[PDB]
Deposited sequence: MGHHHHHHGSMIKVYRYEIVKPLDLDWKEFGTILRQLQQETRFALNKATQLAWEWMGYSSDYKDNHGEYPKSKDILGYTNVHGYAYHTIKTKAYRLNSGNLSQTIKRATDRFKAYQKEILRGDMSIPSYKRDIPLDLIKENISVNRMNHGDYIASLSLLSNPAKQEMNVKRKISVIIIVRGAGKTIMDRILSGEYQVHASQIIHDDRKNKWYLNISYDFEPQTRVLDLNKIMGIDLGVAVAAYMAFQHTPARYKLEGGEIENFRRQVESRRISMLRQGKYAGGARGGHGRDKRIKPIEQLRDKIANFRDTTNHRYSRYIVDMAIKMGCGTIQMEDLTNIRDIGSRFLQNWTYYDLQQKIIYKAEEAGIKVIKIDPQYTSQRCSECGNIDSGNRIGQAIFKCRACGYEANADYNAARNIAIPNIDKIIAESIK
């Protein structure tokens, strides 16, 4: 629903980077003053003040803590926009109400705010418009009428933001109407000395319904117990078998030093293999329902180079199929052929740590490549056509 994305600020559109930078640092002092004062006033509002406060010298007229704080801090913080001051004060007082019980009990001292504090912004005070020559501009309303006059920054402060990549996909929907702005912030990073514009956006999450056209493959890996990949998204999931290696070392050592006892150790092995299969099968199907795939392609089932070595391989299929087919997903058993020794990037049919295509040069994890290769619709034939 409410997600954020950073857009680094290139340069001020009408100001210099010195005059613009100075204004931001003054608005940062007023933001931090408002955040700390709103905590003091929320500290008094809850009746937490000590006796000496209103005894030697120092109901209130308003209804909420935000109302009492906003009017008190309004006088001094006269540079921030009146809208943005409400959002800054709301953050401080909502954090005090969140931590109220720990503050009273004594499990926490007091909420604190860092020096390089973000500058809040409301929906109506941020607007992104695209210029015809492929430029992205974000007009920001940051100053109040008294501050605009003194600072000679009349109109809004426009900044150019680098929008390239996933941002251009999100941003181009904000301008159309699919995504709508909710709030915003102007963050500062001291390790790059760059200003950012976090534009939170509100949307309707996509409803993922099972599709018989999206395919999720499974790779019985060598260093990973299982690997999952998709050809419609770079998303990947891996069923690592760190617990399986430890159990096999445990049993072997106990078998050596065990020389009924052997009968009980064999019974434990059968249970572990079955339960691990249940956990492994459920994860595979759950990571398929999440991605909206309705087809699970995999191999058909000695020890092999596969990570599981000796294992109830046939039992795992009869639990992958049963769990997948309880949710509408079908299973296609595709022979391995040369899926591992093939390039998913340029279709180069042609150690095992990283696979590097000799022509295309794509280098990625071998188990991941063997999973994308399996994931291709009807990979079995297209390899057979080349071989």
{"query": "Segments lacking C-alpha coordinates (deposited sequence numbering, starting at 1)", "finding": "1-10, 69-74, 276-294, 337-340, 390-394, 432"}
